[PDB]
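Trainee: File protein19.cif follows (mmCIF, N, CA and C atoms):
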data_run
loop_
_atom_site.group_PDB
_atom_site.id
_atom_site.type_symbol
_atom_site.label_atom_id
_atom_site.label_comp_id
_atom_site.auth_asym_id
_atom_site.auth_seq_id
_atom_site.Cartn_x
_atom_site.Cartn_y
_atom_site.Cartn_z
ATOM 1 N N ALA A 1 0.862 -1.216 0.000
ATOM 2 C CA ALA A 1 0.000 0.000 0.000
ATOM 3 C C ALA A 1 0.882 1.245 0.000
ATOM 4 N N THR A 2 0.412 2.298 -0.659
ATOM 5 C CA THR A 2 1.168 3.544 -0.728
ATOM 6 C C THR A 2 1.279 4.178 0.655
ATOM 7 N N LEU A 3 0.195 4.108 1.421
ATOM 8 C CA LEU A 3 0.184 4.682 2.762
ATOM 9 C C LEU A 3 1.290 4.067 3.617
ATOM 10 N N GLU A 4 1.393 2.741 3.578
ATOM 11 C CA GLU A 4 2.410 2.042 4.351
ATOM 12 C C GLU A 4 3.803 2.535 3.975
ATOM 13 N N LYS A 5 4.062 2.630 2.675
ATOM 14 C CA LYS A 5 5.359 3.090 2.195
ATOM 15 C C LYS A 5 5.671 4.481 2.741
ATOM 16 N N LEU A 6 4.695 5.379 2.648
ATOM 17 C CA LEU A 6 4.876 6.741 3.135
ATOM 18 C C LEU A 6 5.242 6.735 4.615
ATOM 19 N N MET A 7 4.503 5.958 5.400
ATOM 20 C CA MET A 7 4.759 5.871 6.832
ATOM 21 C C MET A 7 6.191 5.414 7.093
ATOM 22 N N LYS A 8 6.609 4.366 6.389
ATOM 23 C CA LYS A 8 7.958 3.839 6.554
ATOM 24 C C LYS A 8 8.995 4.922 6.269
ATOM 25 N N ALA A 9 8.808 5.637 5.164
ATOM 26 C CA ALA A 9 9.734 6.698 4.788
ATOM 27 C C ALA A 9 9.830 7.741 5.897
ATOM 28 N N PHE A 10 8.678 8.162 6.407
ATOM 29 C CA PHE A 10 8.646 9.158 7.473
ATOM 30 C C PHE A 10 9.439 8.673 8.684
ATOM 31 N N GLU A 11 9.200 7.427 9.081
ATOM 32 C CA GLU A 11 9.898 6.855 10.226
ATOM 33 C C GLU A 11 11.406 6.898 10.010
ATOM 34 N N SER A 12 11.843 6.476 8.827
ATOM 35 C CA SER A 12 13.266 6.470 8.505
ATOM 36 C C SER A 12 13.834 7.879 8.647
ATOM 37 N N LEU A 13 13.132 8.857 8.083
ATOM 38 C CA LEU A 13 13.580 10.243 8.155
ATOM 39 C C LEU A 13 13.735 10.681 9.609
ATOM 40 N N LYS A 14 12.729 10.378 10.421
ATOM 41 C CA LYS A 14 12.762 10.744 11.832
ATOM 42 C C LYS A 14 13.988 10.141 12.512
ATOM 43 N N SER A 15 14.223 8.858 12.266
ATOM 44 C CA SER A 15 15.364 8.173 12.858
ATOM 45 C C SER A 15 16.653 8.884 12.466
ATOM 46 N N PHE A 16 16.783 9.196 11.181
ATOM 47 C CA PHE A 16 17.974 9.878 10.686
ATOM 48 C C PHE A 16 18.170 11.203 11.414
ATOM 49 N N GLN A 17 17.092 11.972 11.529
ATOM 50 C CA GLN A 17 17.155 13.263 12.206
ATOM 51 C C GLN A 17 17.647 13.094 13.641
ATOM 52 N N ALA B 1 17.104 24.400 9.731
ATOM 53 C CA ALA B 1 16.182 23.910 10.795
ATOM 54 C C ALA B 1 15.793 22.464 10.501
ATOM 55 N N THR B 2 15.598 21.682 11.557
ATOM 56 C CA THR B 2 15.222 20.282 11.399
ATOM 57 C C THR B 2 13.834 20.168 10.779
ATOM 58 N N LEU B 3 12.930 21.048 11.198
ATOM 59 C CA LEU B 3 11.568 21.033 10.676
ATOM 60 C C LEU B 3 11.574 21.196 9.158
ATOM 61 N N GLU B 4 12.347 22.164 8.675
ATOM 62 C CA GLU B 4 12.435 22.413 7.242
ATOM 63 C C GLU B 4 12.903 21.162 6.508
ATOM 64 N N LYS B 5 13.953 20.534 7.027
ATOM 65 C CA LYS B 5 14.490 19.326 6.412
ATOM 66 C C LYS B 5 13.415 18.246 6.322
ATOM 67 N N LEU B 6 12.701 18.037 7.423
ATOM 68 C CA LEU B 6 11.647 17.031 7.457
ATOM 69 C C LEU B 6 10.604 17.312 6.380
ATOM 70 N N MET B 7 10.173 18.566 6.293
ATOM 71 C CA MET B 7 9.178 18.954 5.303
ATOM 72 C C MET B 7 9.667 18.629 3.895
ATOM 73 N N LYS B 8 10.911 18.999 3.608
ATOM 74 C CA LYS B 8 11.488 18.742 2.294
ATOM 75 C C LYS B 8 11.457 17.249 1.978
ATOM 76 N N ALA B 9 11.883 16.437 2.942
ATOM 77 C CA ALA B 9 11.899 14.991 2.755
ATOM 78 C C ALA B 9 10.502 14.479 2.422
ATOM 79 N N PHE B 10 9.515 14.929 3.189
ATOM 80 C CA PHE B 10 8.136 14.508 2.964
ATOM 81 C C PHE B 10 7.695 14.850 1.544
ATOM 82 N N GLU B 11 7.976 16.078 1.122
ATOM 83 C CA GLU B 11 7.604 16.518 -0.218
ATOM 84 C C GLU B 11 8.224 15.607 -1.272
ATOM 85 N N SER B 12 9.514 15.326 -1.119
ATOM 86 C CA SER B 12 10.217 14.466 -2.065
ATOM 87 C C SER B 12 9.530 13.105 -2.136
ATOM 88 N N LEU B 13 9.227 12.537 -0.973
ATOM 89 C CA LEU B 13 8.570 11.236 -0.921
ATOM 90 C C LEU B 13 7.245 11.275 -1.675
ATOM 91 N N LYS B 14 6.454 12.310 -1.416
ATOM 92 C CA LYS B 14 5.162 12.457 -2.076
ATOM 93 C C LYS B 14 5.336 12.489 -3.591
ATOM 94 N N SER B 15 6.291 13.288 -4.055
ATOM 95 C CA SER B 15 6.551 13.402 -5.483
ATOM 96 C C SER B 15 6.883 12.030 -6.059
ATOM 97 N N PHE B 16 7.765 11.307 -5.377
ATOM 98 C CA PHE B 16 8.161 9.978 -5.829
ATOM 99 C C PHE B 16 6.942 9.069 -5.947
ATOM 100 N N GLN B 17 6.102 9.081 -4.917
ATOM 101 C CA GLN B 17 4.899 8.255 -4.914
ATOM 102 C C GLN B 17 4.020 8.582 -6.118
ATOM 103 N N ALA C 1 -6.068 0.708 12.938
ATOM 104 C CA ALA C 1 -4.588 0.813 13.073
ATOM 105 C C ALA C 1 -4.207 2.265 13.349
ATOM 106 N N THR C 2 -3.154 2.457 14.135
ATOM 107 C CA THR C 2 -2.696 3.801 14.469
ATOM 108 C C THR C 2 -2.177 4.512 13.224
ATOM 109 N N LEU C 3 -1.473 3.771 12.374
ATOM 110 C CA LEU C 3 -0.925 4.345 11.150
ATOM 111 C C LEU C 3 -2.038 4.943 10.294
ATOM 112 N N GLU C 4 -3.117 4.185 10.120
ATOM 113 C CA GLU C 4 -4.244 4.651 9.323
ATOM 114 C C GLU C 4 -4.794 5.958 9.883
ATOM 115 N N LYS C 5 -4.989 5.999 11.197
ATOM 116 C CA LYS C 5 -5.511 7.195 11.846
ATOM 117 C C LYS C 5 -4.609 8.394 11.565
ATOM 118 N N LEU C 6 -3.305 8.198 11.730
ATOM 119 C CA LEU C 6 -2.346 9.269 11.491
ATOM 120 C C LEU C 6 -2.470 9.791 10.064
ATOM 121 N N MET C 7 -2.526 8.872 9.105
ATOM 122 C CA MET C 7 -2.646 9.250 7.704
ATOM 123 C C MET C 7 -3.895 10.098 7.482
ATOM 124 N N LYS C 8 -5.016 9.643 8.032
ATOM 125 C CA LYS C 8 -6.272 10.368 7.888
ATOM 126 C C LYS C 8 -6.137 11.789 8.429
ATOM 127 N N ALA C 9 -5.558 11.910 9.620
ATOM 128 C CA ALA C 9 -5.374 13.218 10.237
ATOM 129 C C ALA C 9 -4.556 14.128 9.328
ATOM 130 N N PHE C 10 -3.454 13.599 8.807
ATOM 131 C CA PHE C 10 -2.592 14.376 7.922
ATOM 132 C C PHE C 10 -3.377 14.877 6.713
ATOM 133 N N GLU C 11 -4.142 13.981 6.097
ATOM 134 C CA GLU C 11 -4.937 14.344 4.931
ATOM 135 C C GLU C 11 -5.892 15.485 5.268
ATOM 136 N N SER C 12 -6.586 15.357 6.394
ATOM 137 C CA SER C 12 -7.530 16.383 6.821
ATOM 138 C C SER C 12 -6.812 17.722 6.960
ATOM 139 N N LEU C 13 -5.659 17.706 7.621
ATOM 140 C CA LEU C 13 -4.886 18.927 7.816
ATOM 141 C C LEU C 13 -4.539 19.560 6.472
ATOM 142 N N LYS C 14 -4.060 18.740 5.544
ATOM 143 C CA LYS C 14 -3.692 19.229 4.221
ATOM 144 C C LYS C 14 -4.887 19.898 3.548
ATOM 145 N N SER C 15 -6.035 19.233 3.595
ATOM 146 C CA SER C 15 -7.244 19.770 2.987
ATOM 147 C C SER C 15 -7.563 21.133 3.591
ATOM 148 N N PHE C 16 -7.509 21.213 4.917
ATOM 149 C CA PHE C 16 -7.793 22.466 5.609
ATOM 150 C C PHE C 16 -6.853 23.566 5.129
ATOM 151 N N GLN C 17 -5.565 23.246 5.059
ATOM 152 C CA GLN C 17 -4.570 24.214 4.613
ATOM 153 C C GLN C 17 -4.904 24.722 3.213
ATOM 154 N N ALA D 1 3.753 30.739 8.893
ATOM 155 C CA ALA D 1 4.056 29.907 7.694
ATOM 156 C C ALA D 1 3.182 28.656 7.712
ATOM 157 N N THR D 2 2.794 28.193 6.530
ATOM 158 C CA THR D 2 1.957 27.004 6.423
ATOM 159 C C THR D 2 2.715 25.772 6.905
ATOM 160 N N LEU D 3 3.999 25.704 6.569
ATOM 161 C CA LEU D 3 4.824 24.570 6.974
ATOM 162 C C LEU D 3 4.825 24.425 8.494
ATOM 163 N N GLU D 4 5.028 25.540 9.190
ATOM 164 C CA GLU D 4 5.050 25.524 10.646
ATOM 165 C C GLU D 4 3.738 24.975 11.197
ATOM 166 N N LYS D 5 2.625 25.468 10.663
ATOM 167 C CA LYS D 5 1.312 25.019 11.109
ATOM 168 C C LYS D 5 1.173 23.509 10.934
ATOM 169 N N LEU D 6 1.559 23.017 9.762
ATOM 170 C CA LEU D 6 1.473 21.589 9.479
ATOM 171 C C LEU D 6 2.274 20.792 10.504
ATOM 172 N N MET D 7 3.500 21.235 10.764
ATOM 173 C CA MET D 7 4.359 20.555 11.724
ATOM 174 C C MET D 7 3.687 20.490 13.092
ATOM 175 N N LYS D 8 3.146 21.622 13.533
ATOM 176 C CA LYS D 8 2.477 21.682 14.827
ATOM 177 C C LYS D 8 1.335 20.671 14.887
ATOM 178 N N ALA D 9 0.518 20.647 13.838
ATOM 179 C CA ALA D 9 -0.608 19.723 13.782
ATOM 180 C C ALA D 9 -0.126 18.283 13.916
ATOM 181 N N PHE D 10 0.912 17.940 13.160
ATOM 182 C CA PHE D 10 1.460 16.588 13.204
ATOM 183 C C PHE D 10 1.894 16.231 14.622
ATOM 184 N N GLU D 11 2.616 17.144 15.263
ATOM 185 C CA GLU D 11 3.086 16.913 16.624
ATOM 186 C C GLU D 11 1.911 16.640 17.557
ATOM 187 N N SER D 12 0.879 17.472 17.461
ATOM 188 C CA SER D 12 -0.302 17.312 18.302
ATOM 189 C C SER D 12 -0.902 15.924 18.093
ATOM 190 N N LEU D 13 -1.050 15.531 16.832
ATOM 191 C CA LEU D 13 -1.613 14.224 16.512
ATOM 192 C C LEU D 13 -0.790 13.114 17.158
ATOM 193 N N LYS D 14 0.527 13.203 17.014
ATOM 194 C CA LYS D 14 1.419 12.201 17.586
ATOM 195 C C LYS D 14 1.213 12.102 19.094
ATOM 196 N N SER D 15 1.171 13.252 19.757
ATOM 197 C CA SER D 15 0.980 13.285 21.200
ATOM 198 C C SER D 15 -0.323 12.583 21.564
ATOM 199 N N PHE D 16 -1.388 12.915 20.842
ATOM 200 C CA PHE D 16 -2.691 12.309 21.096
ATOM 201 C C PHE D 16 -2.608 10.792 20.966
ATOM 202 N N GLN D 17 -1.978 10.331 19.891
ATOM 203 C CA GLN D 17 -1.834 8.898 19.657
ATOM 204 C C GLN D 17 -1.113 8.233 20.826
#
The structure in this file should be written as structure tokens.

Mentor:
Amino acid sequence: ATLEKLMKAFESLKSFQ
Amino acid sequence: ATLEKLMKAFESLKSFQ
Amino acid sequence: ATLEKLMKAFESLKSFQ
Amino acid sequence: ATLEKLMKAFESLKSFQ
């Protein structure tokens, strides 16, 4: 699902930050 | 700013999707 | 699911903006 | 700024969750 992908991306970004 | 970076990342992700 | 709720909230915010 | 508002909304949602 596109929503799932978006969520994953956001999480990754947060972790990086 | 961290907020700005986050926003940019989100936008990029959206575009990709 | 919490993820779904978050997504919905984000969408609503975007629409409002 | 619209970006700032969006960020604030997201934070609030996260806190609620």

Trainee: Need the shell around stretch 9-16 of chain B: protein/DNA/RNA residues with any atom at most 8 Å away, counting all atoms listed in the file. Skip same-chain ones fewer than 4 positions apart. Format as a list in words?

Mentor: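 What passes the distance filter is residues 6, 9, 10 and 13 of chain A; 3, 4 and 5 of chain B.
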
Trainee: Rounded to one decimal place, report the atom CA of residue C:7-atom CA of residue B:8 distance in Å.

Mentor: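 Value for the atom CA of residue C:7-atom CA of residue B:8 distance: 17.9 Å.
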
Trainee: May I have chain C as a JSON list (two decimals) with N, CA and C atoms, in the frame of the given file, after a least-squares superposition on chain A that uses all C-alpha atoms paired in order?

Mentor:
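Done, and the output landed in selection-v8.json:
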[["chain", "number", "residue", "atom", "x", "y", "z"],
["C", 1, "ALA", "N", 0.86, -1.22, 0.00],
["C", 1, "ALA", "CA", 0.00, 0.00, 0.00],
["C", 1, "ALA", "C", 0.88, 1.25, 0.00],
["C", 2, "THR", "N", 0.41, 2.30, -0.66],
["C", 2, "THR", "CA", 1.17, 3.54, -0.73],
["C", 2, "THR", "C", 1.28, 4.18, 0.65],
["C", 3, "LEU", "N", 0.20, 4.11, 1.42],
["C", 3, "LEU", "CA", 0.18, 4.68, 2.76],
["C", 3, "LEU", "C", 1.29, 4.07, 3.62],
["C", 4, "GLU", "N", 1.39, 2.74, 3.58],
["C", 4, "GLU", "CA", 2.41, 2.04, 4.35],
["C", 4, "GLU", "C", 3.80, 2.53, 3.98],
["C", 5, "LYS", "N", 4.06, 2.63, 2.68],
["C", 5, "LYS", "CA", 5.36, 3.09, 2.20],
["C", 5, "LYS", "C", 5.67, 4.48, 2.74],
["C", 6, "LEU", "N", 4.70, 5.38, 2.65],
["C", 6, "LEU", "CA", 4.88, 6.74, 3.14],
["C", 6, "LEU", "C", 5.24, 6.74, 4.61],
["C", 7, "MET", "N", 4.50, 5.96, 5.40],
["C", 7, "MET", "CA", 4.76, 5.87, 6.83],
["C", 7, "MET", "C", 6.19, 5.41, 7.09],
["C", 8, "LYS", "N", 6.61, 4.37, 6.39],
["C", 8, "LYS", "CA", 7.96, 3.84, 6.55],
["C", 8, "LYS", "C", 9.00, 4.92, 6.27],
["C", 9, "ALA", "N", 8.81, 5.64, 5.16],
["C", 9, "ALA", "CA", 9.73, 6.70, 4.79],
["C", 9, "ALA", "C", 9.83, 7.74, 5.90],
["C", 10, "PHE", "N", 8.68, 8.16, 6.41],
["C", 10, "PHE", "CA", 8.65, 9.16, 7.47],
["C", 10, "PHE", "C", 9.44, 8.67, 8.68],
["C", 11, "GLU", "N", 9.20, 7.43, 9.08],
["C", 11, "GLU", "CA", 9.90, 6.85, 10.23],
["C", 11, "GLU", "C", 11.41, 6.90, 10.01],
["C", 12, "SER", "N", 11.84, 6.48, 8.83],
["C", 12, "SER", "CA", 13.27, 6.47, 8.50],
["C", 12, "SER", "C", 13.83, 7.88, 8.65],
["C", 13, "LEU", "N", 13.13, 8.86, 8.08],
["C", 13, "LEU", "CA", 13.58, 10.24, 8.15],
["C", 13, "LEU", "C", 13.73, 10.68, 9.61],
["C", 14, "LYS", "N", 12.73, 10.38, 10.42],
["C", 14, "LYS", "CA", 12.76, 10.74, 11.83],
["C", 14, "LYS", "C", 13.99, 10.14, 12.51],
["C", 15, "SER", "N", 14.22, 8.86, 12.27],
["C", 15, "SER", "CA", 15.36, 8.17, 12.86],
["C", 15, "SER", "C", 16.65, 8.88, 12.47],
["C", 16, "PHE", "N", 16.78, 9.19, 11.18],
["C", 16, "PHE", "CA", 17.97, 9.88, 10.69],
["C", 16, "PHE", "C", 18.17, 11.20, 11.41],
["C", 17, "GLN", "N", 17.09, 11.97, 11.53],
["C", 17, "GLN", "CA", 17.15, 13.26, 12.21],
["C", 17, "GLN", "C", 17.65, 13.09, 13.64]]

Trainee: Find the axis-aligned box for stretch 6-14 of chain C, covering all its listed atoms and adding 3 Å on each side, and write its centre and edge lengths in Å to one decimal as JSON.

Mentor:
{"center_x": -4.9, "center_y": 14.0, "center_z": 7.6, "size_x": 11.2, "size_y": 17.7, "size_z": 14.2}

Trainee: Figure out the distance between atom CA of residue A:2 and atom CA of residue D:2, please, to one decimal in Å.

Mentor: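 Computing the Euclidean distance for atom CA of residue D:2 and atom CA of residue A:2 yields 24.5 Å.
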
Trainee: Which value, in Å to one decimal, gives the distance between atom CA of residue D:17 and atom C of residue C:1?

Mentor: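 Computed distance, atom CA of residue D:17 to atom C of residue C:1, equals 9.5 Å.
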
Trainee: Kindly add N, CA, C and O atoms to the incomplete chain A and provide the output as a tab-separated table (two decimals), keeping the file's coordinate frame.

Mentor:
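That gives us rebuild.tsv:
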chain	number	residue	atom	x	y	z
A	1	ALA	N	0.86	-1.22	0.00
A	1	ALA	CA	0.00	0.00	0.00
A	1	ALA	C	0.88	1.25	0.00
A	1	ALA	O	1.96	1.25	0.59
A	2	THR	N	0.41	2.30	-0.66
A	2	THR	CA	1.17	3.54	-0.73
A	2	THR	C	1.28	4.18	0.66
A	2	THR	O	2.32	4.72	1.02
A	3	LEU	N	0.20	4.11	1.42
A	3	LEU	CA	0.18	4.68	2.76
A	3	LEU	C	1.29	4.07	3.62
A	3	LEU	O	2.03	4.78	4.29
A	4	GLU	N	1.39	2.74	3.58
A	4	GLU	CA	2.41	2.04	4.35
A	4	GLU	C	3.80	2.54	3.98
A	4	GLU	O	4.63	2.82	4.85
A	5	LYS	N	4.06	2.63	2.68
A	5	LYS	CA	5.36	3.09	2.19
A	5	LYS	C	5.67	4.48	2.74
A	5	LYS	O	6.77	4.73	3.23
A	6	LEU	N	4.70	5.38	2.65
A	6	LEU	CA	4.88	6.74	3.14
A	6	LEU	C	5.24	6.74	4.62
A	6	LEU	O	6.17	7.42	5.04
A	7	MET	N	4.50	5.96	5.40
A	7	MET	CA	4.76	5.87	6.83
A	7	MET	C	6.19	5.41	7.09
A	7	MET	O	6.90	6.00	7.91
A	8	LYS	N	6.61	4.37	6.39
A	8	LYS	CA	7.96	3.84	6.55
A	8	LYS	C	8.99	4.92	6.27
A	8	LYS	O	9.94	5.10	7.03
A	9	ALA	N	8.81	5.64	5.16
A	9	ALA	CA	9.73	6.70	4.79
A	9	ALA	C	9.83	7.74	5.90
A	9	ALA	O	10.92	8.15	6.28
A	10	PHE	N	8.68	8.16	6.41
A	10	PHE	CA	8.65	9.16	7.47
A	10	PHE	C	9.44	8.67	8.68
A	10	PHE	O	10.25	9.41	9.24
A	11	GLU	N	9.20	7.43	9.08
A	11	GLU	CA	9.90	6.86	10.23
A	11	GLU	C	11.41	6.90	10.01
A	11	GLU	O	12.16	7.30	10.90
A	12	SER	N	11.84	6.48	8.83
A	12	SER	CA	13.27	6.47	8.51
A	12	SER	C	13.83	7.88	8.65
A	12	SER	O	14.89	8.07	9.25
A	13	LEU	N	13.13	8.86	8.08
A	13	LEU	CA	13.58	10.24	8.15
A	13	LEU	C	13.74	10.68	9.61
A	13	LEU	O	14.74	11.28	9.98
A	14	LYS	N	12.73	10.38	10.42
A	14	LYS	CA	12.76	10.74	11.83
A	14	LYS	C	13.99	10.14	12.51
A	14	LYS	O	14.70	10.83	13.24
A	15	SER	N	14.22	8.86	12.27
A	15	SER	CA	15.36	8.17	12.86
A	15	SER	C	16.65	8.88	12.47
A	15	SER	O	17.51	9.14	13.31
A	16	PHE	N	16.78	9.20	11.18
A	16	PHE	CA	17.97	9.88	10.69
A	16	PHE	C	18.17	11.20	11.41
A	16	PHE	O	19.27	11.52	11.86
A	17	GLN	N	17.09	11.97	11.53
A	17	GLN	CA	17.16	13.26	12.21
A	17	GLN	C	17.65	13.09	13.64
A	17	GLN	O	18.28	14.01	14.14
